[PDB]
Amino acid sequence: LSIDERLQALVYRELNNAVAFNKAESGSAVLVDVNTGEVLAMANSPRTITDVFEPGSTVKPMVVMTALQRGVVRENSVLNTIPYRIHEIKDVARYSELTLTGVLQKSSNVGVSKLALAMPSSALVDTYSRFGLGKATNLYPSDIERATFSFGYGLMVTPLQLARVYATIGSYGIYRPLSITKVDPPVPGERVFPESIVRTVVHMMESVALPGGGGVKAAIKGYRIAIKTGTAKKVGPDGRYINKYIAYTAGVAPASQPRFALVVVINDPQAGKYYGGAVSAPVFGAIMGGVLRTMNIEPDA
């Protein structure tokens, strides 16, 4: 088994605290070795199971990557983030303009939509699936659609598939499948994005774990981290959006060198702000914090 029981233990602990602390239905976390594909932790907090959900804001960095690749945008590009209609596209806050760094920091739906509007319908469908979305894990189907898909709506994924996305980010775009069994490093994978493109967006994602960043409460003293938090109002077995929320974070650390990819979900939180975009951001912080220390990984900041 790839599982590290130290990492499994503390992931389970923080997962229990976070579920109790938020009066949530359940939680799940998946820790993955960014260089090998090895699932080092995979836990639920009630024998509960990891289902599917709308990945929301975690798909955004891929959108930016694709855009950078297509030459749509340059590394220092500023986007018009003025909201528009198709059907309203808006943000947590009205910004006239954001940097690409800015769009992540602030999780700009408006800005990642304009990228996805300004690209083929294939461009995202390629990238997403290149990062392994719409593909089994073996341990996802017009502008309105191109747009929602740009901030991860009208498509669903498991924690496991997403953990595979963020592993591919940490490795700087070498795709590898997940592994429930030990391997010897290194593990050859598949080049799915240029290293230079993933590195850039990894650095930009560092803004999300800093002040002004939606992911600030995941911040860990002594380390850079590249994350994405959001939420998703659970949808019924019919299309109606239910009052349930599924808070999620995903990321890799330390950002200067990525060792680990972590994906944490907290299902149906009932305390504090249940809807809030960052509900799952503290426990991501607890878990990655414990991992890095436990693995004697040298401070990054």
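All residue numbers are counted from 1 along the displayed sequence.
- Going from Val125 to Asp126, you skip over nothing: the modelled chain follows the deposited sequence without a break.
- Where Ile180 is followed by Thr181 in the displayed chain, the model omits none of the deposited residues that would sit between the two.
- When 168 to 176 is weighed against 129 to 137, 129 to 137 comes out higher, by mean CA B-factor as recorded in the entry.
- For the pair 91 to 99 and 193 to 201, the mean Cα B-factor is higher in 91 to 99.
- Comparing C-alpha B-factors across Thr249, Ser256, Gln69, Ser28 in the deposited entry, the largest value falls on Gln69.
- In this entry, the residue among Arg85, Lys106, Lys228, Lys217 with the greatest C-alpha B factor is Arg85.
- In this PDB entry, the Cα temperature factor of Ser142 sits in the top third of its chain's modelled residues, the highest group.
- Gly152: CA B factor in the highest third of modelled residues in this chain (values from the PDB entry).
- The PDB entry assigns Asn35 a C-alpha temperature factor belonging to the lowest third of its chain's modelled residues.
- Per-chain ranking of the deposited C-alpha B factor places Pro211 in the lowest third.
- In the deposited entry, the Cα temperature factor of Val112 sits in the middle third of values across the chain's modelled residues.
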